[PDB]
Amino acid sequence: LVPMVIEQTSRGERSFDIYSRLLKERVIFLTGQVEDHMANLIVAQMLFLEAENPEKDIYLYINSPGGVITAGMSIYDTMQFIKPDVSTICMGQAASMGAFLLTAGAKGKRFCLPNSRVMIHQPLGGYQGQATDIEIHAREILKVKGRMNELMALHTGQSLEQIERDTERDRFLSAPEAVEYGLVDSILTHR
Amino acid sequence: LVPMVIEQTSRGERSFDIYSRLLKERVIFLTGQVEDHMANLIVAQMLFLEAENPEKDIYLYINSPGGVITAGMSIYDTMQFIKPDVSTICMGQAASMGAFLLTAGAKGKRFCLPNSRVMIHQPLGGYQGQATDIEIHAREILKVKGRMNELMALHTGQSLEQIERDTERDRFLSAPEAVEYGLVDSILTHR
Amino acid sequence: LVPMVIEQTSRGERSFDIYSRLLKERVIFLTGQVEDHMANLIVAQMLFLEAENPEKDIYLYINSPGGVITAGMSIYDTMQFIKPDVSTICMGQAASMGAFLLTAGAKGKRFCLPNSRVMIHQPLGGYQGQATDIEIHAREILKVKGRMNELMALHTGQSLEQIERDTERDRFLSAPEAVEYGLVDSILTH
Amino acid sequence: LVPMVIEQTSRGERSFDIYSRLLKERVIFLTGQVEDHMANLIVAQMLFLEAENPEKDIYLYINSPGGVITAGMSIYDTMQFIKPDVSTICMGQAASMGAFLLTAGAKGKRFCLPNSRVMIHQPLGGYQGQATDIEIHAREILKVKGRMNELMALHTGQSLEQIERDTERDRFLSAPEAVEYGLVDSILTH
Amino acid sequence: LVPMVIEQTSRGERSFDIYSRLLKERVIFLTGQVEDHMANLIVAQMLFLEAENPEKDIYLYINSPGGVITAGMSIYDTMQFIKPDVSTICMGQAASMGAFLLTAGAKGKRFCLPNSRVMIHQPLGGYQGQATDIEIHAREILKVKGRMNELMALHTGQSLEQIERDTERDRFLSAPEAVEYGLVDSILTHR
Amino acid sequence: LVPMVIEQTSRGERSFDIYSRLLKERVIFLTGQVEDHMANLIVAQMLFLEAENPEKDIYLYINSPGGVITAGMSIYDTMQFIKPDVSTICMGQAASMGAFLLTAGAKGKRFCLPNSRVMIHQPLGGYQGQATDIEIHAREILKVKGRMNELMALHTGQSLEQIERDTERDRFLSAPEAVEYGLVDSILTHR
Amino acid sequence: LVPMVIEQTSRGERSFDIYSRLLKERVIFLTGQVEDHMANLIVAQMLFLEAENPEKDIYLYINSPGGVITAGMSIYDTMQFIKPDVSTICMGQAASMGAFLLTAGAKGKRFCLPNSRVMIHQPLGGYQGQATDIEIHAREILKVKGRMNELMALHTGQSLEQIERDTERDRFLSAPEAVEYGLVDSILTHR
Amino acid sequence: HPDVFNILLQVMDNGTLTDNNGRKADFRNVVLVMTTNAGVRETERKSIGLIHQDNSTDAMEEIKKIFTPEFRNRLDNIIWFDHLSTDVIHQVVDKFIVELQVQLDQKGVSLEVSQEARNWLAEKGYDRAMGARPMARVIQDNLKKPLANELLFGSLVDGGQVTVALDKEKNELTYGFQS
Amino acid sequence: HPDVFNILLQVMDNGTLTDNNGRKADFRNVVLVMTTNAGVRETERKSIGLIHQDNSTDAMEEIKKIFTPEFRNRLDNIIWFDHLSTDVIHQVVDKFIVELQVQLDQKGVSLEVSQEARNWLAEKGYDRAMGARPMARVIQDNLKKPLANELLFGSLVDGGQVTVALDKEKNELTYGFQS
Amino acid sequence: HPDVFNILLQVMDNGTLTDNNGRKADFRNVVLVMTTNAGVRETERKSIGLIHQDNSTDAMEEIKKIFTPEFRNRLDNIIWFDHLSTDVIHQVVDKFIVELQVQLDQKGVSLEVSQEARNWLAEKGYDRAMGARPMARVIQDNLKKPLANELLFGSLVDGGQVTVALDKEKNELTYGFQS
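Protein chains in written order, with the authors' numbering: chain K, 2 to 192; chain L, 2 to 192; chain M, 2 to 191; chain N, 2 to 191; chain H, 2 to 192; chain I, 2 to 192; chain J, 2 to 192; chain E, 570 to 748; chain F, 570 to 748; chain D, 570 to 748.
Set out below in structure tokens:
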């Protein structure tokens with residue numbers, strides 16, 4: 002169950018759930034495997050915050066073990082498109098398409114906890130059928146592979162060649178090592 | 002659970018859901034697999050928005066992996082029937098039915114994000130029974146398949162032969178490759 | 002989830018589900034396979050609207066891929082003994098019971114969309130057990146089949162021999178063909 | 002999701018369910034397999050209606066395919082015990098127990114739809130175990146059949162010999178044929 | 002779903018479910034198989050009504066097909082402990098446990114519908130394990146059987162030997178037969 | 002379903018749940034197999050009542066068939082921690098953990114219904130895998146057994162040797178017999 | 002079903018559930034297997050309390066059997082990040098990543114109940130596939146193990162060698178043993 | 570509102586109520602009468618269930634929860650009214666007709682209402698839920714409306730000789746006018 | 570506001586309205602009438618349905634809801650004004666033209682209005698919700714606004730003999746000017 | 570209102586209360602007394618459960634919630650009044666009888682009531698929840714009501730000498746008017 006917290010205001014007292022109270026403060030929670038349904042809530046939340054105040058920064062706590070590549074792009078595209086800087090914090094764990102959103106945050110507003118861990122790998126998928134159909138499906142994986150590395154390279158600032166060689170296999174980067182790689186600007190020891 | 006949001010109306014404060022609040026601003030989300038129940042809900046939203054302000058144009062965000070074609074057709078007919086222009090902004094992914102609704106949007110208002118990926122194919126259907134039943138049943142499969150081509154050409158503007166050959170097998174059209182094909186006018190980056 | 006909507010009444014603002022608002026305007030929604038559960042909800046909506054204002058007309062949309070004969074028949078009987086004309090519109094797809102309930106509306110009020118796909122076939126059922134029980138059970142469904150063709154011929158106006166022949170097997174009727182067949186009229190887009 | 006109708010009252014606007022609003026108009030719906038919880042729910046509604054107005058007749062629709070016989074008796078005995086005359090409008094399939102409730106309605110107030118189908122059969126039950134145990138249960142089910150046959154004849158008015166004769170084998174009766182058997186008074190005129 | 006019923010009050014209308022409205026009139030409902038959870042709800046209602054009016058009699062409808070004997074003691078003990086006399090009305094059928102609670106009502110207030118049934122039989126509890134453990138558990142079930150027979154004799158008025166004979170094997174007692182056996186004073190036809 | 006109950010508060014009408022109303026009167030209900038989640042809920046009720054009125058005494062109705070041993074210790078520790086005497090009543094049945102909590106009540110406030118039952122058995126558990134790990138786990142089960150017997154002896158008053166010999170095999174103690182064993186102070190037939 | 006409670010205030014009466022009412026007094030319940038979803042509630046609750054009062058001490062009742070190690074670290078990072086001292090209490094059992102959060106409390110505020118049992122062991126995980134992939138994933142669990150021993154050494158105060166030695170296999174540390182091994186400062190029997 | 574009930578507490582015990590200006594409202598001579606329909610619902614409505622409980626004391630119990638004990642204690646007595654009987658209602662119809670008869674008798678118009686009309690007005694005019702309040706309304710629409718129109722113009726202006734009657738075929742009230 | 574309705578209920582029952590000053594006012598010889606523009610929104614409300622052809626035609630029900638049942642009992646009968654017909658609107662247009670003609674007589678300027686011109690004014694000046702209210706503004710903008718421009722300078726300064734016509738294709742009013 | 574209790578703070582501690590014009594009042598020779606029935610409902614409340622719990626503590630706990638600590642700290646003492654016992658009612662009946670004799674002494678009538686009547690009258694009006702106010706009503710209903718009819722017209726108009734006694738068989742009081 003989700004607890005209910007009271008928000009004291011001059012007009013009076015209002016009751017909101019624990020998640021809704023933080024949402025009012027521009028704090029969004031990206032928890033669980035990435036999916037179309039959970040992505041719609043994250044996208045809807047970003048649009049609501051933009052209209053309320055398009056100048057304040059938006060914070061996104063990312064604790065996800067990875068998920069659907071198509072759903073993540075929906076969140077990533079909205080983060081860049083909107084004017085507010087979508088700050089990202091890696092709480093607990095970051096994986097493929099969970100870490101991509103972490104680096105997607107605006108420069109100078111990306112952080113990681115001292116004991117947080119982040120991993121990245123190439124898109125994993127498969128198809129079964131005739132050889133003709135497998136050709137088209139296989140080509141899509143290569144197209145997204147090149148595009149995904151181009152985006153991570155644009156945000157991290159590493160060479161495109163570096164990402165493909167390093168992202169061919171799972172790479173476990175600790176919180177301090179993430180700063181050297183370029184995924185995040187620093188560790189969130191304090192403001 | 003969906004979060005709650007507060008609207009600072011002149012009369013007073015009112016609590017709304019993340020989807021209900023966006024619905025008040027003429028925004029519909031086509032999330033999840035296409036189905037009769039989910040599609041029926043979208044129809045209800047379109048009719049409600051039409052009566053509220055027929056002059057204003059409705060906005061729809063297409064994000065789904067596709068589904069049953071029979072249920073999806075109900076959205077197509079309702080979209081053209083209502084006077085408000087049904088803008089279609091593909092978010093994340095557009096399937097055969099999702100793309101079919103994407104093209105249905107009014108000319109000049111359709112959009113696609115920079116990293117959005119579109120996909121189109123032919124209807125997949127099967128039937129089991131006596132040989133005589135498959136013949137009459139299969140006839141409708143070809144009619145609906147061919148019928149969708151004419152509707153696609155009306156909005157896309159491409160030749161019938163071009164859509165027939167491409168629709169024969171799976172075809173993945175990225176965001177820039179989709180504007181050139183004619184499915185959409187341009188990507189939504191700035192205004 | 003069902004999105005909520007606000008109605009600006011004279012007294013003040015009122016919040017209720019999207020289906021509840023459309024129900025206020027006498028717009029009933031039929032979706033999914035028909036069953037004994039949703040049937041009562043559809044009939045309940047007709048009975049409540051009738052008591053509120055029987056002079057006005059009720060609307061019903063058909064987006065079902067089939068269903069039980071006994072369950073769908075309950076909605077058919079409701080439209081008969083009520084003064085409000087139950088308008089029938091086919092959204093997306095119709096079936097054996099969807100088409101029957103679609104053509105059961107008052108003549109002229111029934112409409113249809115351009116891309117609607119209709120399907121009509123005889124009732125399908127089976128019983129297993131003792132031969133004596135199968136005889137009465139098998140003999141009973143034939144009477145229902147003839148009853149369906151009889152009532153369907155009334156609203157449509159087609160001959161009983163023609164409607165039963167086409168309904169003997171799977172028959173698909175598109176929106177233009179349906180108008181010629183006499184099942185439904187065309188929606189007034191203007 | 003059940004709709005949420007709105008009611009216009011001088012005190013203010015109130016939100017009710019479709020089933021709950023109908024309960025104000027003495028309209029009760031019955032559907033699905035008879036169950037202990039389902040039967041107690043119908044019984045609870047009957048008791049409330051009696052206290053509200055013991056003179057105004059109650060309406061009870063029936064669209065169930067039959068269920069346990071024991072739980073069904075709780076609805077029957079309750080209908081007889083309460084002073085209001087509970088009409089029975091069979092809107093769909095009515096099995097043995099479903100039909101028993103239809104017959105239990107007040108004389109001159111029972112009704113049925115023209116396309117409604119009602120089938121009555123002897124109570125069907127099974128039991129397994131030791132030879133002595135099956136004998137006890139076997140005797141009990143026969144006693145229940147006698148009670149159901151005896152009460153059916155009283156309400157319908159048909160001779161007990163005819164009731165027990167046809168009930169042995171599965172029987173399907175249409176709405177017009179029901180008037181001949183005395184099961185229902187007459188179909189709805191409009 | 003449970004229907005809602007409105008009761009008119011001086012200040013404003015109050016909405017209550019059909020089960021709670023009847024509870025206000027001292028009408029409890031015992032439906033379904035007996036269990037530690039449902040029994041806890043029945044005793045809770047009894048204690049609540051006692052505080053409201055310790056003089057008015059409670060009405061406990063019984064339409065249960067039987068259940069665990071452990072949970073039944075909670076209802077039986079609660080009925081005897083509270084000062085108000087509980088009126089037990091057999092609706093539909095009364096199994097061994099249901100019949101026990103039925104006869105457990107105060108003398109002169111126990112009734113059964115003319116078409117209701119009343120079944121009584123020995124407990125069917127079974128245990129498995131080592132021979133030593135079976136002997137311990139086997140001796141316990143006999144005590145419960147004897148205890149139930151003794152309690153039934155007090156309420157029904159029959160001798161312990163008579164209850165043992167009738168409870169040795171399953172037996173179905175019709176509504177009129179229940180009056181002869183001594184479980185209830187008479188049928189509920191007039192009040 | 003949970004029936005609602007109206008409370009005639011001095012301020013005005015107030016609607017409460019069947020369990021919420023009883024909780025206001027310091028009456029807590031323990032039902033079902035002991036578990037971490039339900040045990041936490043019981044602990045929460047005890048702590049809340051402590052600050053409301055520490056002078057008064059809390060009541061607990063135990064009707065559980067036994068469950069997890071770890072969760073049960075949290076309830077016992079909280080009962081002894083808080084100043085209010087947590088009276089315990091055995092409704093229907095009390096298992097090993099249920100009986101351990103029943104006897105844990107303060108002296109002079111433990112009661113049991115006449116037809117109630119009690120049972121005490123040694124902790125049951127098993128481990129599978131490496132032999133060394135089984136040895137660590139094996140000592141733990143035995144260590145927990147000695148802890149319960151040591152604590153049960155203090156509350157009941159019997160010697161630890163007596164508890165250990167009797168608890169080797171499950172023993173069912175009726176309400177009269179239970180008072181002789183020291184688990185309960187007196188029967189609740191009348192005060 | 003969580004019971005509801007009333008909070009009497011000068012402005013009026015506020016109805017809150019039991020869990021939310023305790024949250025109002027800086028009490029967070031960590032019960033059940035550690036997961037990414039439940040972790041957000043604990044993290045969101047800690048942040049909500051810091052805003053209300055960044056000086057008062059938060060309390061965390063750990064009654065969980067352990068779970069995902071990476072998910073639990075999000076709570077530990079937040080515990081040390083926020084200025085408030087997150088006091089920890091052990092209810093029932095404590096396992097891997099449950100005990101780590103129990104010992105992460107500030108010095109002088111960590112406590113355990115007299116009967117609470119603590120269990121400490123190294124992380125357990127398994128991965129199957131290519132030998133190269135297994136080696137990469139193997140280094141992670143080994144690296145996390147070293148970080149866990151280093152972090153636990155700081156709080157408990159034992160050397161990394163000694164904690165590493167005990168963590169090779171399961172070690173059930175009782176309440177007195179835990180105080181001896183530095184897991185907690187003292188017990189709550191008398192405070 | 571409860572705030573209003575509090576004002577009445579001092580009124581019954583002390584007989585005085587202070588105002589904004591400080592003037593003491595000494596009104597110990599005024600008699601205080603209150604009208605409420607709180608317990609009538611329980612009296613007419615039977616208890617839900619197969620068995621009917623004793624509702625004799627249920628009406629008084631409702632007054633104990635609605636009104637606070639201090640308020641009820643200050644009351645001198647509670648006057649429980651009883652529902653009108655079949656014979657009592659018939660006399661009410663005569664009372665209203667007497668006011669109309671005497672009102673028109675001075676004007677010179679005689680009124681002779683038939684017994685059948687009196688009985689019909691009773692049932693329609695007296696509702697159990699709303700009481701006999703609609704009697705004045707139905708009497709106005711049924712009798713005052715037609716007679717008033719003909720009073721200014723027509724034979725009814727003088728001579729009177731008005732005789733009302735009711736027809737069994739349609740149950741309507743017939744009118745008679747003469748010079 | 571709700572308190573305002575109670576002020577009317579008191580006079581309808583007792584017929585005398587008290588004043589704080591102490592003056593006694595009697596409504597025995599004062600006729601009271603009130604208008605309510607309710608139900609027009611419900612009728613003009615666009616239906617949420619797909620066809621949008623749903624008509625309410627039950628505006629009387631809304632009137633009873635906006636008012637409390639108590640107020641309805643005091644009033645003996647309510648007046649209802651039916652929607653006007655297009656033919657009746659033509660007479661309203663002539664009323665404004667007559668006033669304009671009288672105003673122009675002081676300057677010696679005539680005004681001729683064609684039968685086709687009146688049709689344009691009637692449709693433009695009649696609204697379903699507002700009725701004849703726009704007619705004042707529509708007549709002024711169409712007829713008086715251009716007139717003043719020519720009357721200030723042009724042939725219409727003297728001589729009069731004004732003429733008005735409308736083109737059939739575009740349906741726009743053109744006024745000929747004569748010296 | 571709870572905010573009104575703050576005015577009495579300085580009155581109970583500082584001993585003065587300034588007015589709008591700055592005049593300082595003196596409460597040093599004033600005895601301040603407050604009456605409340607907050608904890609009454611909580612005490613009489615019947616607990617739900619098998620084991621009855623003593624609710625005497627709820628009397629003071631409710632008072633603490635109504636009055637802040639600063640308000641109660643200034644109070645010299647909080648005296649809790651207890652329900653009147655049966656023995657106290659006997660003395661209360663004598664008080665009302667004496668008060669009734671003072672009312673009759675003005676007219677000249679003298680009332681003498683036997684001890685047996687007092688005991689029967691006490692039991693009839695003995696209500697623990699209502700304290701002693703009901704004793705007024707039984708005296709009024711049993712003694713004053715029969716006397717009012719005689720004092721106005723009858724033997725008790727002049728002379729009095731009223732005797733009240735109860736006969737065990739009837740179990741009702743007897744009144745003897747001796748003028």
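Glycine included, every Cβ here is placed at the ideal spot set by N, Cα and C.
Cross-chain neighbours of residue i in chain I, by beta carbon under 7 Å
i	result
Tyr-20(J)	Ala-45
In DSSP terms, what residue i is bridged to
i	result
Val-6(I)	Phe-17(I)
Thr-585(F)	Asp-595(F)
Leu-578(D)	Looking at the DSSP assignment, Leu-578(D) forms no beta bridge with any residue, so it has no partner.
Contacts of residue i in chain K (Cβ-Cβ under 8 Å)
i	result
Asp-171(L)	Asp-134, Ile-137 and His-138
Cβ separation of residue i and residue j, assumed to be a contact under 8 Å, to the nearest whole Å
i	j	result
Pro-4(M)	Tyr-62(L)	Contact doesn't hold; Cβ gap of about 14 Å is too wide.
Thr-71(M)	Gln-94(N)	4 Å
Interface partners of residue i on chain D, CB under 9 Å
i	result
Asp-595(E)	Ordered by position in chain D, no residue passes the 9 Å Cβ test against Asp-595(E), which lies about 20 Å from the chain.
Neighbouring residues, chain H, relative to residue i (Cβ below 7 Å)
i	result
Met-120(N)	What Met-120(N) touches in chain H: nothing, since even the nearest Cβ is about 22 Å away.
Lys-615(D)	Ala-52
7 Å Cβ cut-off: residues of chain N touching residue i
i	result
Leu-735(E)	Those within 7 Å of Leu-735(E) in chain N number zero; the least Cβ separation is about 26 Å.
For residue i, three-class secondary structure by DSSP
i	result
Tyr-62(M)	strand
Does the segment 155–173 of chain K come into contact with the segment 138–145 of chain K, if we say contact requires no fewer than three beta-carbon pairs (one atom in each stretch) closer than 8 Å? Using a Cβ-Cβ distance cut-off of 8 Å, the segment 155–173 of chain K and the segment 138–145 of chain K are not in contact, since fewer than three pairs of beta carbons, one from each stretch, lie closer than that value.
Could you tell me whether the segment 47–54 of chain H touches the segment 16–36 of chain I, where touching means 3 or more Cβ pairs closer than 8 Å? Yes: at least three Cβ pairs fall under 8 Å.
For the 8 Å Cβ check, are there 3 or more pairs between the segment 62–74 of chain M and the segment 644–655 of chain F? With contact defined as three or more Cβ pairs closer than 8 Å, the segment 62–74 of chain M and the segment 644–655 of chain F are not in contact.
Can you confirm whether the segment 170–190 of chain N touches the segment 174–189 of chain H when touching is taken to mean that 3 or more C-beta pairs between the two stretches lie within less than 8 Å? Counting Cβ pairs under 8 Å, fewer than three are found: no touch.
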